[PDB]
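See structure below.
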Amino acid sequence: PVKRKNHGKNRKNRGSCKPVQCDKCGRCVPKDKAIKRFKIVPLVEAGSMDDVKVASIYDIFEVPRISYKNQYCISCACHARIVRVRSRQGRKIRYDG
Amino acid sequence: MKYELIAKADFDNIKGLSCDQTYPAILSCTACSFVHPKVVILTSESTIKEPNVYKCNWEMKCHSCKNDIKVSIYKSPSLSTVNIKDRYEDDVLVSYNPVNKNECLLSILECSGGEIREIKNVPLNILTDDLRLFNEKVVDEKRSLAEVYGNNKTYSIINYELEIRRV
Amino acid sequence: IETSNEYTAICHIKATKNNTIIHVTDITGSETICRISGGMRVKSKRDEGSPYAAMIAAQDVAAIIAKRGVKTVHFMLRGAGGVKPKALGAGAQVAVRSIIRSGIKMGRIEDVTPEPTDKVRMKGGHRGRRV
Amino acid sequence: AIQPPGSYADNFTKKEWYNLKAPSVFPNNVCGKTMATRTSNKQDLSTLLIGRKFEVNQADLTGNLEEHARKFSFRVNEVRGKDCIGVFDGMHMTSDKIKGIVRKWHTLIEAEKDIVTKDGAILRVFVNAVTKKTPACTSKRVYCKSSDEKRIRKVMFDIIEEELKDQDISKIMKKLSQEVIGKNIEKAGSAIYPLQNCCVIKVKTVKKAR
RNA sequence: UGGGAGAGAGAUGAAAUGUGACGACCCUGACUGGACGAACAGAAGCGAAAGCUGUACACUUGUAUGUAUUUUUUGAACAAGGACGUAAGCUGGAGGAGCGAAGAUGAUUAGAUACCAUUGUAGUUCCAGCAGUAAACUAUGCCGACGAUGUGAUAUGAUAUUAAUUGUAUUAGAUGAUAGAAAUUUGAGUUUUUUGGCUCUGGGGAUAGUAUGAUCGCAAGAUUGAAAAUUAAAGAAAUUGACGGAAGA
Ligand SMILES: [Mg+2]
Ligand SMILES: [Mg+2]
Ligand SMILES: [Mg+2]
Ligand SMILES: [Mg+2]
Ligand SMILES: [Mg+2]
Ligand SMILES: [Mg+2]
Ligand SMILES: [Mg+2]
Ligand SMILES: [Mg+2]
Ligand SMILES: [Mg+2]
Ligand SMILES: [Zn+2]
Ligand SMILES: [Zn+2]
Numbered sequence: 002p003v004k005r006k007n008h009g010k011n012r013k014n015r016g017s018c019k020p021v022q023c024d025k026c027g028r029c030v031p032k033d034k035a036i037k038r039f040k041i042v043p044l045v046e047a048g049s050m051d052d053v054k055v056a057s058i059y060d061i062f063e064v065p066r067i068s069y070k071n072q073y074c075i076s077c078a079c080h081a082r083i084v085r086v087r088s089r090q091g092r093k094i095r096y097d098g
Numbered sequence: 001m002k003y004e005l006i007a008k009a010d011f012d013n014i015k016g017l018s019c020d021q022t023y024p025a026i027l028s029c030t031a032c033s034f035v036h037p038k039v040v041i042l043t044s045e046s047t048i049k050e051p052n053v054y055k056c057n058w059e060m061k062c063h064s065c066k067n068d069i070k071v072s073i074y075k076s077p078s079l080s081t082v083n084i085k086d087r088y089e090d091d092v093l094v095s096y097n098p099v100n101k102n103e104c105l106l107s108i109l110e111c112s113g114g115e116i117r118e119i120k121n122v123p124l125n126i127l128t129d130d131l132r133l134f135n136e137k138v139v140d141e142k143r144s145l146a147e148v149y150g151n152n153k154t155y156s157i158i159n160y161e162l163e164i165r166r167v
Numbered sequence: 005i006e007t008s009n010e011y012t013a014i015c016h017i018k019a020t021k022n023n024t025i026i027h028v029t030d031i032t033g034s035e036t037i038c039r040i041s042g043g044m045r046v047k048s049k050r051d052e053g054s055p056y057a058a059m060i061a062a063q064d065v066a067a068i069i070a071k072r073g074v075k076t077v078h079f080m081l082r083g084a085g086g087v088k089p090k091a092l093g094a095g096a097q098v099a100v101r102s103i104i105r106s107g108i109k110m111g112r113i114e115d116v117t118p119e120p121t122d123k124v125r126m127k128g129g130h131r132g133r134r135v
Numbered sequence: 002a003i004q005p006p007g008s009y010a024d025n026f027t028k029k030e031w032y033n034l035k036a037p038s039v040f041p042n043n044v045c046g047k048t049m050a051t052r053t054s055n056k057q058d059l060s061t062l063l064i065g066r067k068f069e070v071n072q073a074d075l076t077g078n079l080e081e082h083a084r085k086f087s088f089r090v091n092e093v094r095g096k097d098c099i100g101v102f103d104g105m106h107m108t109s110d111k112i113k114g115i116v117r118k119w120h121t122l123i124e125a126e127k128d129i130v131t132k133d134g135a136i137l138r139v140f141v142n143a144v145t146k147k148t149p150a151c152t153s154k155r156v157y158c159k160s161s162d163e164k165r166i167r168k169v170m171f172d173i174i175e176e177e178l179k180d181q182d183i184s185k186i187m188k189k190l191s192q193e194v195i196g197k198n199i200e201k202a203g204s205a206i207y208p209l210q211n212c213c214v215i216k217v218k219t220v221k222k223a224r
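Chains as they are written, first to last, in PDB author numbering: chain SAA, 2 to 98; chain SNN, 1 to 167; chain SO0, 5 to 135; chain SB0, 2 to 10, 24 to 224.
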């Protein structure tokens, strides 16, 4: 039988896409059939937030943050519990940001 | 971290040394600088085998940091054998470790979780240079054992001190 | 006023999952004041990149840097970079807390991980690294 | 100390100290101390002090706490006494503010140009811009056409040639520190499509001045 | 390759060979080469299909929307024939940074010539030609008439004017309705109350895409393609249990 409506990925009216590579294993995966997450972490820890204040030569300053984008194949992704098995009737829910 | 067992003293009228593969020692973790307060006896007869991860001779789990400590015992590489006669006229094959110039090796130790600090004393077996054998001698407080044979022959050890060195 | 007994220096830290290297130099970057890596203090090969051995590697840095007259320190943090996964190691936050704790002030913190515009072929086949 | 010593087969005292000097456009021209090693007497250390480069924050030069993103690097060519003199050859933005301006569901436009100063030197500049949200807030699709990215790029070529045509280094460095380019390119570029966040990323030197 | 400095760097679940006082690894100043266009980047666009992302010019080319422009039936699909066709693989010359079949070493194992790790050649890059196979899949040949509401997307015209609702061509999704063995479903609907036109393919499993003949190709090989002797099953969709060296509360 068929499992999903779009078969593995969300690609329509095209023929092909160039492949990208996973970070953990390193196998080639097409760019549509990938799992991508986004998270922003600061340079300093919150546990070390007060201790820089007594060592600052400056009066006031801002702590900066950096962003990251990650890519995975679906074998690596389910193994690290990024994406989990869901119910059959509950598979059709889509959480857009 | 590969250690050895090396005995250094002043030797005369001996040919080799032998012992049982059993040593009490004091161990210490390498994740926390913690000394285990009790002595631990290790034997070459206790086996612990897992198929596809590891294999070891003794096992331990730390108390302060819960880091695994595995100890293994190997035999001596330069192990030779000489024939010897008994009281009655026959031949018997004995094994021993040959004493080199002021040095003698006994066994190889190895460790993948922690360090070794100090090894206690073992009642070694002494081999006579002029083809004789005595079973079990215990080194005294003076760190020096001497014994006289009946037909005016004498062997002695002077300042027996054990050591360990990693390689 | 900048005497020979007090000045400002720059600190580089290269932290991966395997090792952390602390390198402190002057404002130009041509002369090495001190350099002590985390593997130099540890004895077992598993514990080169641990946060335990980093705080030993950060405290002996503060002892020698007090002799050569450094007052304030700027910070440059980076990862592995290139085709290697570039994420910051465990020993990053440990080292920055231990130098400040000894009494040395901080000047500036910057992030200098080298990011390629385009990659080369990574290690592993078409089916990947399979353990 | 993983390595045993038998398995494998004070010069800091004799070092002279110098002072740095920035060009005198910024009010804080003093930066910090360097080091140099003197081997023996009758030796000239001036060959070693030329080729080095340093990098100072813009906010430390201006003595201001408002902006800190831009960054300046200077090249040494001459020594006077105990002082080392610098000249402007490099500029680049900080990495955290570069990553912050980019977004999903928004059109990014960038461009570049080579340009020549009054002296014998060639420079390069890089200009970026992103699109702005319209008051027609029904659309998440605020993308712009690829025809209009041509037209905004033509205006990017004009202001680069006009603001930095042949003015000298005193007008070069102060026009970057005041951000005259991106504000003027925001007014002119907004006629075709409304923009935001216009800035300069990097400045590269091609060939040296005699 | 020029400066500084003087013990380990690198990998793994955990290690070993290999590697460094003829000075690595790290921070610096300059150079030469080969490959590739990060983030923006989408159930978004173009193409007969295979496919197509740095900038500026030159040459060249689609579909759709408007409209009192020329001609007058010139149409759909196709035995014979013709062109294009990812990835490997072949002959000739250029080039070779990273990756790397075959070959050789270190661990695991009863045994590993396999998974792990270190090396290492052809190849993958460019030009000129042969070759014609893929889960080449929307597993749904091409043309033509009619169809229920709601939220979107690309292009463009009219009304209208800063506030909207409307025309044509594609396209994504949800709820009903039909049809179906069922999963599912604007066609896979308008069917036992079976007909608008035209090409190609199948007839229980296995032997078998195997023999033989013919036509192609430098070769590897490609297209066409049986039988003797055998056997009562092979198979598709879906309910109830049992099991998992499967996941959550
Ligand atoms: Mg395809
Ligand atoms: Mg790009
Ligand atoms: Mg269209
Ligand atoms: Mg016919
Ligand atoms: Mg034909
Ligand atoms: Mg052809
Ligand atoms: Mg076929
Ligand atoms: Mg088919
Ligand atoms: Mg077809
Ligand atoms: Zn992977
Ligand atoms: Zn411990």
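Where a beta carbon is used, it is the ideal one built from N, C-alpha and C, also for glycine.
Beta-carbon within less than 6 Å of residue i's beta-carbon, same chain only, minus the 5 sequence neighbours each way: which residues are those?
{"i": "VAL116 (chain SO0)", "result": "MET80, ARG82"}
{"i": "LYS71 (chain SO0)", "result": "none"}
{"i": "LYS146 (chain SB0)", "result": "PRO208, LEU209, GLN210"}
{"i": "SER102 (chain SO0)", "result": "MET59, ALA62, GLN63"}
In its own chain, which residues sit with a C-beta less than 8 Å from the C-beta of residue i, not counting the 5 before and 5 after it?
{"i": "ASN42 (chain SB0)", "result": "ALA36, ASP74, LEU75, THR76, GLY77"}
{"i": "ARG117 (chain SB0)", "result": "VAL144"}
{"i": "residue 1 (chain SAA)", "result": "Residue 1 (chain SAA) lies beyond the stretch modelled for chain SAA, which goes from 2 to 98, so this question has no answer here."}
For residue i, does the three-state DSSP call read helix, strand or coil?
{"i": "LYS47 (chain SO0)", "result": "coil"}
{"i": "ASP110 (chain SB0)", "result": "helix"}
{"i": "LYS66 (chain SNN)", "result": "coil"}
{"i": "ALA99 (chain SO0)", "result": "helix"}
{"i": "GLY111 (chain SO0)", "result": "strand"}
{"i": "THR131 (chain SB0)", "result": "coil"}
{"i": "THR61 (chain SB0)", "result": "helix"}
{"i": "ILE61 (chain SAA)", "result": "coil"}
{"i": "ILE37 (chain SO0)", "result": "strand"}
{"i": "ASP12 (chain SNN)", "result": "strand"}
Determine, using beta carbons only, whether residue i comes closer than 8 Å to chain SAA.
{"i": "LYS154 (chain SB0)", "result": "no"}
{"i": "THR76 (chain SO0)", "result": "yes"}
{"i": "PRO89 (chain SO0)", "result": "yes"}
{"i": "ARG133 (chain SO0)", "result": "yes"}
{"i": "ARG45 (chain SO0)", "result": "no"}
{"i": "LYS113 (chain SB0)", "result": "yes"}
Could you pull the DSSP bridge partners for residue i from this structure?
{"i": "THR22 (chain SNN)", "result": "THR43 (chain SNN)"}
{"i": "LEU133 (chain SNN)", "result": "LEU127 (chain SNN)"}
{"i": "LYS90 (chain SO0)", "result": "None; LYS90 (chain SO0) has no bridge partner."}
{"i": "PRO41 (chain SB0)", "result": "Partner(s): none; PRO41 (chain SB0) has no beta bridge."}
{"i": "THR53 (chain SB0)", "result": "For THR53 (chain SB0), which the question treats as bridged, DSSP gives no partner whatsoever."}
{"i": "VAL74 (chain SO0)", "result": "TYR11 (chain SO0)"}
Kindly indicate if chain SB0 contains any beta-carbon less than 8 Å away from that of residue i.
{"i": "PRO43 (chain SAA)", "result": "no"}
{"i": "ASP115 (chain SO0)", "result": "yes"}
{"i": "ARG72 (chain SO0)", "result": "yes"}
{"i": "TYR56 (chain SO0)", "result": "no"}
Going by beta carbon distance, what residues of the same chain come within less than 7 Å of residue i, once the five residues before and after it are set aside?
{"i": "residue 17 (chain SB0)", "result": "Missing here is residue 17 (chain SB0); chain SB0 as given proceeds from 10 to 24 without the residues in between."}
{"i": "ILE215 (chain SB0)", "result": "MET107, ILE112, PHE140, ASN142"}
{"i": "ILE158 (chain SNN)", "result": "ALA9, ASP10, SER144"}
Taking only beta-carbon positions, decide if residue i is within less than 8 Å of chain SO0.
{"i": "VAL84 (chain SAA)", "result": "no"}
{"i": "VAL53 (chain SAA)", "result": "yes"}
{"i": "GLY27 (chain SAA)", "result": "yes"}
Does any C-beta atom of chain SNN lie closer than 8 Å to the C-beta of residue i?
{"i": "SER48 (chain SO0)", "result": "yes"}
How about the segment 97-108 of chain SO0 and the segment 54-63 of chain SO0: do they share at least three Cβ pairs that are nearer than 8 Å? yes
Quick check: the segment 68-81 of chain SAA against the segment 37-49 of chain SAA, are there 3 or more CB pairs under 8 Å? yes
Quick test of the definition: if touching needs 3 or more C-beta pairs under 8 Å, does the segment 51-67 of chain SNN touch the segment 92-106 of chain SNN? no
Spell out a yes or no on whether the segment 26-40 of chain SNN and the segment 67-82 of chain SNN are touching, meaning 3 or more CB-CB pairs, one atom from each, closer than 8 Å. yes
Stretch pair the segment 60-70 of chain SB0 + the segment 42-56 of chain SO0: three plus CB contacts closer than 8 Å: no
Between the segment 124-140 of chain SNN and the segment 11-19 of chain SNN, do at least 3 Cβ pairs fall closer than 8 Å? yes
When the Cβ atoms of the segment 28-44 of chain SO0 are set against those of the segment 6-15 of chain SO0, are three or more pairs found closer than 8 Å? yes
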